[PDB]
Each structure stands twice: as structure tokens, then as C-alpha cells.
Amino acid sequence: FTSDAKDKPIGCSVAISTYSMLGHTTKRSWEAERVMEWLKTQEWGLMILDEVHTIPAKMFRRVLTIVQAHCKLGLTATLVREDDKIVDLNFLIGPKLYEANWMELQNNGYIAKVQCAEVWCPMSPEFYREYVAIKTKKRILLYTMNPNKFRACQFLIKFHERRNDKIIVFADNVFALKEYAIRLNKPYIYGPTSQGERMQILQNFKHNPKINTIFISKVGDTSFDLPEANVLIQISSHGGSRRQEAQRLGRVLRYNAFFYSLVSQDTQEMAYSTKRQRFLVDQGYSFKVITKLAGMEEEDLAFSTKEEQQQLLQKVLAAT
Amino acid sequence: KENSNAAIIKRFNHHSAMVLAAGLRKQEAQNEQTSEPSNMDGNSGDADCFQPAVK
Amino acid sequence: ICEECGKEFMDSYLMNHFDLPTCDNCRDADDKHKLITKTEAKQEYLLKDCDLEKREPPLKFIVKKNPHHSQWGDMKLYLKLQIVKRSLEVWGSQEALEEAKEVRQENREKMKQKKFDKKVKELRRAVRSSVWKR
Amino acid sequence: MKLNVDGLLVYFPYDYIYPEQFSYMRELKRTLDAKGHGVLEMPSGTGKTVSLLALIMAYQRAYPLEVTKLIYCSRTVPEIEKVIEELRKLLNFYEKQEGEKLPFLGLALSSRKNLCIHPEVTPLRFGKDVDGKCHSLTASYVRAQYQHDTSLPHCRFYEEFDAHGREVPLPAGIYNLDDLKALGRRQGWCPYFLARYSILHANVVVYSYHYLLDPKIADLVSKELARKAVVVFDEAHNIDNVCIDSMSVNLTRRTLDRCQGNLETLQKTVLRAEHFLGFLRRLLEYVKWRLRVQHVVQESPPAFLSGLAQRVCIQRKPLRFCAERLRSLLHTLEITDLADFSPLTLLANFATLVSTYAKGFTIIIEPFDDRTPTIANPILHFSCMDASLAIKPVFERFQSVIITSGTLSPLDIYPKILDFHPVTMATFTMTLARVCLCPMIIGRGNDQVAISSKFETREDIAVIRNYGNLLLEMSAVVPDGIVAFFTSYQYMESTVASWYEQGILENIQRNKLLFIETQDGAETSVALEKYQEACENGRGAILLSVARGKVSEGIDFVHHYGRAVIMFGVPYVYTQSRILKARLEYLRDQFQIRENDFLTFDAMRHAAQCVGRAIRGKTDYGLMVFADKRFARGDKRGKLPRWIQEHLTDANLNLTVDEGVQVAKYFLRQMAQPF
DNA sequence: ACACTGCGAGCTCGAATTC
DNA sequence: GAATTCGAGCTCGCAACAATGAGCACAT
Ligand code: SF4
Ligand SMILES: [Zn+2]
């Protein structure tokens, strides 16, 4: 019931639909109006609500009063969520039945043994001149387009391309996605691309040993068909959400596999990156700290001189 | 003007009936030359007749 | 069996193409109807594809040759009284149809002017970004 | 195995049923109790045959008065022998479960060239000659002087059959074609006339299509057989093309001058009735006069009958008995051979077809030949359009008729072309322990160039290279056999020759040998036995052929013969022939089938039949690429059946050539491992 | 007496942090 | 409490659609 094929949705036995299809608060199409008139008058049994942590929002919790069901199972992966509405979920669905021991499934081989690491980068002296000058939101660009953070992503890509690892570079703040993925000539799922070239970039990444990295931007924050990465270089994601950095971890465990987290030190992003490991340390995950990499100053890393470092400050600060 | 457009379709039917006759050469027992030149004469039976259609 | 003249007849030009019991003696070529094509039933009376084949009773069409193609494809034709009976069934009254067309006919000229301000705000952003910085 | 369908006790001859195959018998029982027809679809050839025969043979035990006879129409003689051998396997299973004998006999019918014992008449090659050499030895004037019992020419098998082969029937024991000759040998009877006599008292009867669909045949073998029977049209995806070619005659100058010789040699025999010879000499003049024109192509299906009475003044009332009296005139003349008079019967069959059948027919005289402005070979076609004028006796005479195949592409076109109303119209899909088929639509090339086999996108080298770069890069990752169907012979010849002038065919011959299927039968069967030998040893072969050819409809590619099946374009017919351009006019007014939607339906049933010829069994896996951009659209990939469409995902929908190999290589690696 | 399948537009949400 | 950034989904309009080849089984 996802409004593209609609394989006779009225009169069936298993209906697989979405949120904001069942709780679409505006005027519906005519094909959707006949199915919602059918779905509102038939009692079900065992609704399955995937991604349970989005139910306590204002729109998605009106679903449970539109459709009548006896049993309501909720399957998720990360139960934590900001704004304190998971205690709200104990009566919308029911009590918490089972929680998987995350260190026990790792020790039995059902989940890849993840080596967490939080490599933090010093700030360039030309960039810290403007980071402490202003407070009004332009400094979010200044810590994600750090030239010394660029050298830690280009080195970590090269360190695993020489080991035939499959790299996913998760990076929000889409201006930093362009100026990272065209200075290394790598494909990127920008977010407003398409449905077509979203697929062909996603499948040459899996069954081809030539394309090795991919630069997603806030798309893989759900249960998508991301094709089994081996490392994950997360660069400057959303602010203080421990839901997201347990969904980026799920891309890795699907030391065998291990993911990174680039942090420009002595900024606001150090406070954020310890608020997002606040959930993963409650599953036994150990987050190392890498201060200096394994010989970063000896390969052909970009942003070497200062004249090529001064141009980036004239590009980032020019936005405003 | 049809003749020069029909003199080419024979000219690589002679060199595409060779590839099956050479494809049996790479295998085992070769094909008899009286049968491979049978349909080739039949394919040339129209091309030579149309050769006088615009001679 | 007919309804306009009530005569008993086996078959006519109608009731095998549109299911309408009307004899072929008068046939009303410019009196009761015309033959409206499919593309005129979408932009004049404003019906989607969920109105000609899903609203009960579903009406059928007549395939014919394309006039300016002659080798390409089809040209569907609908009966004109079946369309204006469907437009009164889908859109309330007849005085709701044209009143809904006024807010729709301005949406294309709204697109004509809103294309001309994003062409201003993008080409001026390429030159203002070079003078705001220092 | 006392398997239970909803009302029966079906004795199944196996141990494991598939969960789709048990639901096949429920829908098959839903036809017979409703006393109506049915359009079913199930992929395999075997397993479908043993499940259909398990229900209906068990159905006539619980209700022996509702159905009595099962007529099984198969395509040709190899499948006739296959169905009978699956029937005695079910019969011998009944012999173990009960320990008894049964009043149950099952036959198989074919031509006189198959059931034949007499030595001077069997080694004749062509089928139309063995009827004549029979007819010189068994006609009612040949046996007229055998009432004296002298040493005149006679068949000893026919003259023995009518004296003793009437009082006793065949007892039991399901008969093949070879078993009927063995019964006729050791008893001394005819095998052909014993099968025709005992076809009225049987329970399963397996013959071809043409004993039931051909109107001038079915009134001779199957007119009085059963008013409460069950007909099964097995593998009837092209059931409409059999119904058109049965009621369509074709006349040319090569046939008509041979009718002048037949009318010459009849004039020498009457002097040794006469108004009938001046009748045909009048009619032969008019058909030659209409072929004498060099003008535009024209069509006139009942207006031929007006102009036949204008210059020639022959009405249509004696023309209906034209083929009737010619069958009687040759009887009273006592002609020895009848294969020589085959053009004059073909002219007389044309005369009795334009007099009665004129609602959805046409007559197309084509003086301008194919592609050439002046070649003196005109030809008139009497082409049938309406494919439901041949099953209208079959849809009415019997109780229930079940049209089953593996590739009925939409299930709603077949009750629209053929004027009937089924009661189920159901489809099915096989269930598997793996995913034994990986369809893919290899669209754009390796440099984002379209691959299509259109008419304007055939002579550019940017497409011929991308076809050559595809067959090269699939012949290095597929083991032991690739079948590459092209769309025509003039396109297969003009692409392999254009791969040889470039450097592409030398790199395919390094991997696999390539064998080409040609129009003649001797070079094809030679090139087919070296193909099946090059897949058994380690060389690996490629059989590149055409789509409406002999290998695409007859040869069944079992596992490790054709692991991949490459469709090099959508196999359309010639869409600008004057016969097809008239049939779509009838298909547009009647039944309102859109003219673009019929060419795709006709093409997706040949592109799914030959692709579906790669999986026959439980352990058979097989690749099936569709190397055309036009396969990707909705009105074409939505036509290929529901057992090859449920595995065609959206990732394998517009794959490029190099990405199509790493779905080919990953699939063949997964399939090679044990269960 | 023209016009199929794809596709960016508004519209309205969400998560989390801002102003 | 009312904005943002970037994501998601569902309606719906917009513009322009296509379709090229070749032969043996069955009746007196
Ligand atoms: S009558 Fe019998 S033996 Fe004679 S040709 Fe016919 S089938 Fe053969
Ligand atoms: Zn009337």
C-alpha cells in the first residue's frame, strides 16, 4: 500500500504499508480512499510496527487509533530517543518484552566484532581564528570543513582501499558532502538525487571491486538496503542524537569490521560525540581515542600547503 | 539501385556461411562440401538473377 | 429494446460500444452527443484516470487510427454524454466544475512567474556570494 | 499416497507433491464440476502432465457418468509418446495399490506415416505420399476386384482387419505408437485403422491438434465420439496461430499452372461430369486474371464473389459443393495417386472457403513483392483474421475444454480472441528450494548507450559493438552452453559478420565454440549434436539462433545445456506485412484490442517460451538475460508470466553490460553448491 | 479528429537544534 | 513557543509517446 504499484490492496491477508500513508492528514487520492475505508472496518491481529522509536511523534501515534488490532508487536533496533517519550510507548503498544544482549551476540558470532574508534583532529590555526569570533550557526560549517579533518578522511580511505574494505562515509551538512566527495572523486548520494541513480550507485558499490567508497548524507538513518559495509567513516553528523550513532553502527555489523568517528577537537563537536556514545557504552562497546594516525604526514594527502588552505576559508565563510 | 543494395547482402552471406562451416572445423568431423555449397548456391540463385535485373 | 423511441431492435451503432439502448435511425450525430477523444476529457472536464475506469459503472471506449501518425498507435474515443454524466458524479454540481478550474488555470501562470524569481535568486546568489565575503 | 482434493481420493504416484501442484488440482476440479472451460497456467512440462492425469483419471471413478473420455491434444508426436508413458506409470501404480485389473484403455493417434506395417509403403519420406500409396492399395475400387480374391494389388493388413477386428476390442494396456504397431504385427492387423476404430471406446486419447481444430478433419475422427468429454489443450500458447493456418489457403502462380496440368489430364480421361470441367476451367481463368494485375494491393472478402459472377457468371450456390464433387469425381474416375492432384484440391478448397466463410476473412493479392519493385511473382492470400472460427465447434460440442501452457502471457487476451467465457482463468507459480532462475534486463551498454533492436538503431556500430561486448563478457563467466536467440536471420547474419570485421568474434572463439542454426535441416542437426557434445566435455559452446525457428520450439534445453539464454531483442514479427496489417484491423474493431498491445503480446509469448525452455526439473538452474532496452517498460515486462516475473526485481531492470556480469557470476557461484 | 511511462513541484510531516 | 536544515512520504501535473522477416504434422 505504498502508492506506486498497489497490487489490489483491498481484500488480502497481509498488508504492508507505511506510516504517513495510514495517518496522512490531508485529502487522500481516490485509490487510497477506498482502501482506508476497507482497512478502518476490519479487525486485525498482530500489527507489526517496524521502527518503533518514531511512533511517539504527533502524527505516527494517530495510526494506533485508526486501525483496530488485538495484538501489537513492536520491532526496533535502537529504543533510545530524545525528548523523553519512550516511557510514553509503554502504553501505546505494551511492556518491553525482550532486549538482546549485544555483547553476547557478538561473542557467539551472530554480530560482527566492531572496533569502535573516535579519532579526533586538531583545529587549523587559520580556522580557529573565526570559530571563536562568532556564535551564530556559521561555526557548524567551520568544524565540519576542517582542513585537518580532511586529511584524516583521505588517509582512512586510502588505508582501507589498500586492504580491500568497503567504505561508507556518512556525512550530514550537505555542503560538506560536496566538497569532500569531489576532492577525492567519489560517488555520493546527495539526498535530492533520484530513485534511479540512488540504485545504480548502491549496486556498483556491492558487486564491483573498483568503486570502493560512497558518501551518503542522512539517508542511511533507517533500515535501508545498504550493501554490507566493512568500515564507516562518520564525519560530523547530527548534533546530540544517540539514536543516529546506533543506526550507523548497524551498517557495520551486518577485528572483522570497525567504524570511525571524525571529530574536530577543541570545538562543540567534542561535547556532541560523547553524548552519542552515551548509548553505545551501555551495550559494552569500547570507544578508543586516536590522537595521531599511523603515519599521516608521509603519503600524498591533500591540503598540504597554506595557500591551498586559505582558499577553503574563503569558500566556507563566503556562504553566511 | 536495388542491385548494389542486394550485392552486399550476398557479399557477407558468403562470409557468414563460412563461419558455421569453420565452426564445424574447430569441432570434430567436418561437414561435407556439397551441402554447404548447396544453400550457398541457392542464396546465390537470387543474387545472380537480380544481377541481371539492373545489369 | 430502447428508451428514447422505445423500439425493439437487435443491434445498432450504440449498445455494443458504449452500452446505450439507442436506435441507429436518428443516431443524433450533433443532437444528443459527439465523440470526444480521451485527451479532451482530461483537460476540459478535469478527470483523472481514476474516473473513467474505476468509478462504477466503468465506461469503455473505441480504438481508432491516429489521424496524424497512421503507423504509430491508437486514438481512443468516448461518448460525450457518458463524460458529462461522470463529471456530475465526481464533482458535485456543474457549478463546482468551472469554479474549480479558476484556481487550477492560475497554477500554470503561477509557475510561469515563480520560475522567473528562482532564476533571479540563483543567478544573483552567484555574484552576491563573491562580494559579501572578504 | 491417498491424497485428498476437496471431494476426491486422488491416487498420486509420487511421495512429495509441490504446494502449488496440489492447488492446480483444486482449480482443475473447479472446472469439471462447473461443466465449463478453463485457462490455467503452470510452468513445467512433466509434473504438470502427471498431476493433470492423476485427477481426471481419478475423477471418472467417482463420477463415471459426468465425464467419460479424456481427449489430450498435444503439439506433436514426441509429446504424444511422452504423455502415454506418464499414463502407464499411473496405471501400474493403480495395479500395486489395488492388485486388480481394469477396463481401462488408452490410445495414441498419428498419421499413417507413423502407424504403418506394410513394407512397400513405409519408407516413403514425405507425409503426403504415404497417403497416396495407401490409397492405391485400399480404396473401395481397389477392393472391388478383391471380392474374387485374386492376385491383384491389395493390402493384407486392411483386408484382415475388417474381418476380425470388430467383434473383440482392445482389452487393456495403455498403448504407445510403437506398441500399437507391435500389436498389429503379431496379430496381423492394421495399426492405423485399429487405432481409429477403437478411439470411440476409450478413456484417455492422445492425439495432435489437427484432429480437433481442423474443420475438414474433425468431422472424420471426432464427430460422434463423446458429448460428455474433457479436452485438454496442452502447451497451447500459440493456439490462435493453429486456428488461423487451418482455415487459410495460399495461392500463387506456381500452384495455378499445376492446376492447368491437372485440368489437362482430366480432359484426357473423360473421353475414355463434363460440365464440372468447364466449371473449373472457368474458375482457373478468373483467379489467374486477378493475379495478372500489377497495381496496388487490394482487399475484398465478399466482393471477390461478385466479380467471380461478373466476367465468369458463376454463382456461389454451386461453388459451395466445388470441393465436394471433386472428391467424388476422382472416386468415379478411380485415379491411382492423389498427391499429384494436390494443387487442384487446393484450388477447390479455396473455392469452398470463399463461398461460405466470409465474416472475418480477407483476400490479399500482392503483385508488388517483398522489398523489390519488379519481380514477377505475385501471390494471393486467403488469410483468416478471427481465430475463434476454429474452436467454435470445439467450445460447443464438448463439456469442458482446458487450455493449459506454461507461458499464457496475459490470461485475459485468450478469452477475448477466442469467444468463450472461462470459469477459473487462474495462474500458478512454481515453488523452489533455491532461486533457480535469475532474470535480468541488460539495458544500456558499457558507455551509457542504448542497446535496442529497433529498425533505425540497427546499422549504427554503437549497438553492434555493445551486443558483441555482451556475448564476449558473458561467455567467460557462464559454464557449458549459451543459447543466443536473435530476432531474424538477416540480423544474425549481419551482426556476426560485423563482429568478424571488428575484433570481437576472435575473443569469443577463445572461450567457447560458436555454432549457428541455419534454415536447412541437415546443417542444423549436425550443428546441434556438436553443441550437445561440446557442453559435455570441457570446451563449452554457444548456439546462436533465431527466435521463430526450429530450435526455439522443438529442442528442450535441460541443465548444463544452455545455462544462459540471451534474447538479443524483442522478437517481433514483420509489423508491416499486409496480412498482419489487416488482422490488426479486425482485432481493433472486434474485441477492441489495441494494435500495439497485440504485437507485444505476440512477442512476449515467444520471448518467454524459449527463455522458459531452460528450466525443466527440480535441480535445473538457469540464467536468462533479456538484452533489450524495450523489455524494461511496463507493457512488456508485465506480460511475461508470473513465474519469471516474481524474481525480476527492480535492481535487475536497467543493468548495464558490465554490471550484468556480476549478477551472472554471483548467481552461478551460489547455484553450484549443494543443498 | 492525439498522446505511454517517468519526475520534479507543493504540501506536510519528522528529529534535533537553533533564534 | 516559532523558526532552521535535510530528510521522508503522498498527490498531481507536465511533456510527449512507436511496431521491421522466411518453410513438413494432419483428412478421401
Ligand atoms: S492400410 Fe494399414 S498397412 Fe496399408 S498403408 Fe495403411 S496403415 Fe499401412
Ligand atoms: Zn431511441
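Chain C is numbered as in Swiss-Prot; the shown residues are, in order, 104-237.
Header says: electron microscopy, 3.5 Å.
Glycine is treated like the rest: Cβ placed from N, Cα and C.
Listed in Swiss-Prot:
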- C:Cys105, C:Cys108, C:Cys126, C:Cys129: Zn(2+) binding site (BINDING)
- C:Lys145: SUMO2 cross-link (CROSSLNK)
- C:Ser196: phosphoserine (MOD_RES)
- C:105-129: zinc finger (ZN_FING)
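C:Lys145 (SUMO2 cross-link) sits 32 Å from C:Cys108 (Zn(2+) binding site), taking the C-alpha atoms as the reference points. In this structure, C:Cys105, C:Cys108, C:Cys126 are the recorded positions from C:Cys105, C:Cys108, C:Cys126, C:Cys129, C:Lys145 whose C-beta falls under 6 Å of some atom of ligand 2. Of the chain residues outside the Zn(2+) site list C:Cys105, C:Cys108, C:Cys126, C:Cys129, C:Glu107, C:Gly109, C:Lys110, C:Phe112, C:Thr125, C:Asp127, C:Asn128 have their Cβ within 8 Å of the site's Cβ mean position. Between the candidate binding-site residues, C:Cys105, C:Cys108, C:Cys126, C:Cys129, the densest Cβ environment within 10 Å is the one around C:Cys126.
For the zinc finger (C:105-129), DSSP puts the residue distribution at 0 helix, 0 strand, 25 coil. Within 10 Å of its Cβ, the residue among the recorded positions C:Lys145, C:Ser196 with the fewest other Cβ atoms is C:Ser196.
Here the C-alpha separation of C:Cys129 (Zn(2+) binding site) and C:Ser196 (phosphoserine) works out to 30 Å. A straight line from the CA of C:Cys108 (Zn(2+) binding site) to the CA of the residue listed as 'phosphoserine' spans 29 Å. In the three-state DSSP assignment, the secondary structure recorded for the residue listed as 'SUMO2 cross-link' is helix.
Taking only the Cα positions, the spacing between C:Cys126 (Zn(2+) binding site) and the residue listed as 'phosphoserine' is 30 angstrom. DSSP classifies the residue listed as 'phosphoserine' as coil under the three-state reduction.
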